[PDB]
């Protein structure tokens, strides 16, 4: 089973214990570590942060302790304009330039592959994505003739039904990609004036409208569109989504006035790291959706949808029963990487729970 873990560049700037460098990653925890967010300049892959080449180097040295560990560099991300991605892939000339620039860059910095994070091609890009993947893969095949191990090619793909139907030719891209990470953790979030969970496993016999907004439906739909199970990786989040309540109501359908207040370390409205949630829970009321199989907590006027060891173990069993290629974890740096906030002196408690179930079949 694969365990694919993202590390984010910007996590180094978090004050105090929140600061996270690749140095803190356990080399034996994951099978693949993906460094998040390379840029594109002058139609060529490029660094993002001022100290990226140093961090690339610190990350890739983990391979000295675990030579089976693979690393990938991810291009794109949220702060990357999808329009930008769109203009690059649309034009054979800018696209071929981008493609030819990738292998040498990957080789120079010690990466084993490229992860595409085009965050949402529209209906007009569907065809250009297919071309980009096809041609990127053909280039990696050619580049291996030089005697070094073929570069891996992956993509992060939306788990939203409409997003899938709109921008992705799954049957076509699946044959060229080594694995596909399903972003099954954005099924709700502040764009609605209600409370709700962003990563439920099952539908929730309760509602019925976006019967499509759960992990299970996303997985079944992808299988149906032609993605082979042995290439699909189910995303599991290590962060939570917070909301500020508009009333004293806390149950399903409770009105909302906006995202929750920022966490002391991640300083981003609407999101809390798992290590911040561990602190939040002290004095909070915990609940669990029986049908969706995920918990939530409340304290004062703050409502948090998150994943704990049990929800994470559950998702992992589920991907096991469906014979998927493995799990993807978004943000090693949002998990308790120091292992000093969540009671037990256990480093990476969410990710480890996942690894433990996987070590099982």
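Positions refer to the first chain, counted from 1.
- In this crystal structure, the stretch out of 58-66 and 30-38 whose C-alpha atoms carry the higher mean B factor is 58-66.
- Higher mean CA temperature factor, per the PDB entry, when comparing 1-9 with 352-360: 352-360.
- Listed residues 137, 107, 241, 96 were ranked by CA B-factor as deposited; 96 comes out on top.
- Taking only the listed residues 185, 111, 78, 217, the entry reports the highest CA temperature factor at 78.
- In this PDB entry, the Cα temperature factor of residue 274 sits in the bottom third of its chain's modelled residues, the lowest group.
- Among the modelled residues of its chain, residue 292 has a C-alpha B-factor that falls in the highest third according to the deposited record.
- Placement of the Cα temperature factor of residue 202 within the chain: highest third of the modelled residues, per the deposited record.
- Per-chain ranking of the deposited C-alpha B factor places residue 174 in the middle third.
- Placement of the Cα temperature factor of residue 209 within the chain: highest third of the modelled residues, per the deposited record.
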